[PDB]
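Written below as structure tokens is the structure these notes are about.
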Amino acid sequence: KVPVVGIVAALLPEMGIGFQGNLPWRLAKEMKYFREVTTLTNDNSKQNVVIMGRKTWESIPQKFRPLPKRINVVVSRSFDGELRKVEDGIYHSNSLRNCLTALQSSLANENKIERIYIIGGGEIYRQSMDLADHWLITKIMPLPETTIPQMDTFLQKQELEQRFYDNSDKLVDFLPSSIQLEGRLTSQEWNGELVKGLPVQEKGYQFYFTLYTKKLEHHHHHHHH
Ligand SMILES: NC(=O)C1=CN([C@@H]2O[C@H](COP(=O)(O)OP(=O)(O)OC[C@H]3O[C@@H](n4cnc5c(N)ncnc54)[C@H](OP(=O)(O)O)[C@@H]3O)[C@@H](O)[C@H]2O)C=CC1
Ligand SMILES: CCc1nc(N)nc(N)c1C#C[C@H](C)c1cc(OC)cc(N2CCOCC2)c1
Ligand SMILES: [Cl-]
């Protein structure tokens with residue numbers, strides 16, 4: 001009942017997201033968007049959750065973790081159970097799927113979680129294609145003069161486009177109300193593909209904030225007792 005939203009910054013056209021345990025770029029305006037989207041809520045009494053792979057947790061600078069004003073969940077196969085408080089603002093879980101079921105319990109959550117953000121790991125993102133209701137994808141393009149950075153971790157663009165459609169016309173409505181963005185909705189062609197979203201430029205890169213939403217599903221079966 002609480003929306004599950006994958007959120008990621010990916011470099012076009014291969015949708016690379018990482019290299020050697022870290023990000024392949026440093027974009028302050030991209031980080032600002034991420035922080036504000038995942039932190040801010042429409043209901044002032046709720047917080048959002050951020051779920052992440054263990055390797056992604058270990059990549060966040062120790063001073064900035066756990067991410068403030070969000071419930072942090074770190075998933076590891078070596079952790080103890082489905083959703084355990086281990087420190088203030090930190091839950092541990094040995095199962096991505098089970099922790100989500102756990103977080104969706106209104107008895108447990110008191111309807112005080114507004115959104116569940118899946119904030120990554122390539123490995124986590126691979127398993128979230130069937131879990132997420134939406135994807136917030138920052139589509140990043142190196143500007144003409146910019147060197148394409150080396151990358152070893154990738155978003156599954158095939159799986160994304162099988163299950164989700166580009167819903168960027170609804171990005172602004174979809175973001176928490178208090179967020180303000182510098183750009184206006186733009187449609188640009190880039191290396192053959194349509195890039196639609198809210199444009200930003202920083203350092204050697206042009207990027208678009210986009211929103212992907214699950215495709216309409218046929219009604220094949222509804223479980224009756
Ligand atoms: N550009 C972007 O928006 C982002 C990029 N990244 C990048 O992604 C890379 C990290 O991704 P990746 O290497 O795939 O690692 P992940 O962050 O996805 O973490 C992988 C680990 O998570 C645990 N795990 C995976 N699936 C489950 C599950 N179903 N249940 C419980 N635990 C699970 C395992 O931990 P264990 O081994 O302990 O059992 C596994 O080793 C880095 O390069 C990082 O910079 C990360 C976030 C955002
Ligand atoms: C914008 C990056 C980002 N953008 C988008 N659109 N989605 C995401 N899921 C992430 C992400 C991410 C990971 C968790 C990350 C990596 C990192 O570098 C290893 C530093 C941080 N920080 C240091 C600064 O403030 C707290 C969060 C977060
Ligand atoms: Cl599994």
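Residues: numbered from 1 along the sequence shown. Worth knowing before you read on, the calculation uses all heavy atoms, side chains too, and leaves out hydrogens, waters and symmetry mates.
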Check the side chains of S177 and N42 for a donor-acceptor pair under 3.5 angstrom, ignoring hydrogens and angles.
yes

Using every non-hydrogen atom in the two residues, find where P149 and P24 come nearest and quote the distance to one decimal.
CB-O, 3.7 Å

Run the side chain to side chain contact (heavy atoms under 4.5 Å, CB included) test against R163 and tell me which residues pass, sequence neighbours left out.
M129, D130, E159

Tell me, which pairs form a ring-ring contact (aromatic ring centres under 6.0 Å, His included) where one or both residues lie in residues 35-59, sequence neighbours left out?
none

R115 to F174 six-membered ring, cation-pi geometry met (6.0 Å, 45°)
yes

Measure the acute angle between the ring planes of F209 and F207, then classify it against the limits of 30° and 60° as parallel, tilted or perpendicular.
perpendicular

Any chance the side chains of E30 and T138 put a donor and an acceptor closer than 3.5 Å?
yes

Work out which heavy atom in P176 is nearest to a heavy atom in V37; give both atom names and the distance.
CG-O, 4.2 Å

Atom CD1 of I179: over 12 foreign heavy atoms under 6.0 Å
yes

Heavy atoms of other groups near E145 CD, more than 12 under 6.0 Å:
yes

Apply the test ring pair (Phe, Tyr, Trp, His ring centres under 6.0 Å) to residues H223 and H225: give CA-CA distance (whole Å), side-chain angles for both, the deciding distance (0.1 Å), then the verdict.
CA-CA 7 Å; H223 177 62; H225 302 99; 5.2 Å; yes

Side chain to side chain contact (heavy atoms under 4.5 Å, CB included) evaluation trace for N191 with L12
CA-CA 9 Å; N191 295 23; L12 304 190; over 6 Å; no

Hey, what do you get for CD1 (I51) to CD1 (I71), rounding to the nearest 0.5 Å?
10.0 Å

Within-4.5 Å side-chain heavy-atom neighbours: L185 and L198:
yes

Selection residues 67-110 - residue pairs positive for ring-ring contact (aromatic ring centres under 6.0 Å, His included), sequence neighbours left out:
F79-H92

Taken to the nearest 0.5 Å, the spacing of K112 NZ from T41 OG1 works out to 9.5 Å

Between atom CD of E123 and atom CG of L96, what is the distance when rounded to the nearest 0.5 Å?
10.0 Å

Salt bridge check: are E202 and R26 linked by an N-O gap of less than 4.0 Å?
no

Please report the shortest heavy-atom distance between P142 and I140, naming the atom on each side.
CD-O, 4.1 Å

Pairs touching residues 131-140 that satisfy salt bridge (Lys or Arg N to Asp or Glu O under 4.0 Å), sequence neighbours left out:
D133-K214

What distance separates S128 OG from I118 CD1, expressed to the nearest 0.5 Å?
3.5 Å

More than 12 heavy atoms from other groups under 6.0 Å of NE2 on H219:
yes

Closest approach of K1 to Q104 (non-hydrogen atoms, all atoms of both residues)
N-OE1, 3.1 Å

Quick one: which residue pairs count as a ring-ring contact (aromatic ring centres under 6.0 Å, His included) with a foot in residues 2-31, not counting sequence neighbours?
none

Residue pair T213 / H134: nearest heavy atoms and the distance that separates them:
OG1-ND1, 2.9 Å

Would you compute the distance between atom CD of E82 and atom OG of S95 and round it to the nearest 0.5 angstrom?
8.0 Å

Any chance you could measure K215, atom NZ, to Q162, atom CD, to the nearest 0.5 Å?
7.5 Å

Taking every non-hydrogen atom, the tightest pair across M52 and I124
C-CG1, 4.3 Å

Working for side chain to side chain contact (heavy atoms under 4.5 Å, CB included), residues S78 and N94
CA-CA 6 Å; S78 303; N94 69 353; over 6 Å; no

Listed once per pair and sorted, the salt bridge (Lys or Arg N to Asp or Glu O under 4.0 Å) pairs that draw on residues 164-173, sequence neighbours left out
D169-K196

Does atom CZ (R84) have a neighbourhood of more than 12 heavy atoms from anything else shown, all under 6.0 Å?
no

Quick check, are the ring centers of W190 and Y208 under 6.0 angstrom apart?
no

